[PDB]
Each structure stands twice: as C-alpha cells, then as structure tokens.
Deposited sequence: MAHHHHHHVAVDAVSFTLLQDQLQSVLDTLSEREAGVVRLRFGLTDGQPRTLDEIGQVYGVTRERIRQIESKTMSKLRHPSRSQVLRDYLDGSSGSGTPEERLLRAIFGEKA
C-alpha cells in the first residue's frame, strides 16, 4: 500500500485551510517542512511568542482538525502518521 502519497495530498489539503500561523506551527512541530520536529520553544522563537502561546495555538488547530466540518481523514514510524495519531489520540 502506497496510499501514503494520497494521504499526504489530502493532508497538505486540510492544512491549507488553517490560518498561516496555524499551518506553520503544525508544520514546524511535526517537521513536515524539513523532516525535523521542532520543540515548542523553537517555534516560539520563530513566531516571537512564548511556548505557552504556541501550545494554545496548537490546541486550537487540533480542535479544528478534529471538528466534523473538515475531518475526512479517519481512514488510517513517520511524521504524517505522527500528526494523524496526534489528532485522534
């Protein structure tokens, strides 16, 4: 099963409807940018905010991805599985 391509496709897809900042944070946290997860402090540095504000933004984003309005990826080692399991975990 190489359905991992199309999971990326539709995940790029759902990320594209968060805000810029919400997408950047999920991207930095899971390393969907250069394949290297960043800590909540490194993300704070990027955005000029504290780690605690990063955690609030992350939380909102998790709320948005698990809302019924746009969570059509509940069809089931790697960052994109990390992010998936972090949404339904």
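Mapping the modelled residues onto the deposited sequence reveals missing stretches at 1 to 12, 89 to 96, 110 to 112.
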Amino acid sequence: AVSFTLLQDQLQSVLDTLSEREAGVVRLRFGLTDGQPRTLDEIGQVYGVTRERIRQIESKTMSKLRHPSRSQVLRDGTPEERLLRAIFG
From here on, numbers count along this sequence of modelled residues.
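For the pair 51 to 59 and 24 to 32, the record assigns the higher mean C-alpha temperature factor to 24 to 32. Note on 35 to 43 vs 60 to 68: mean CA B-factor is higher in 35 to 43.
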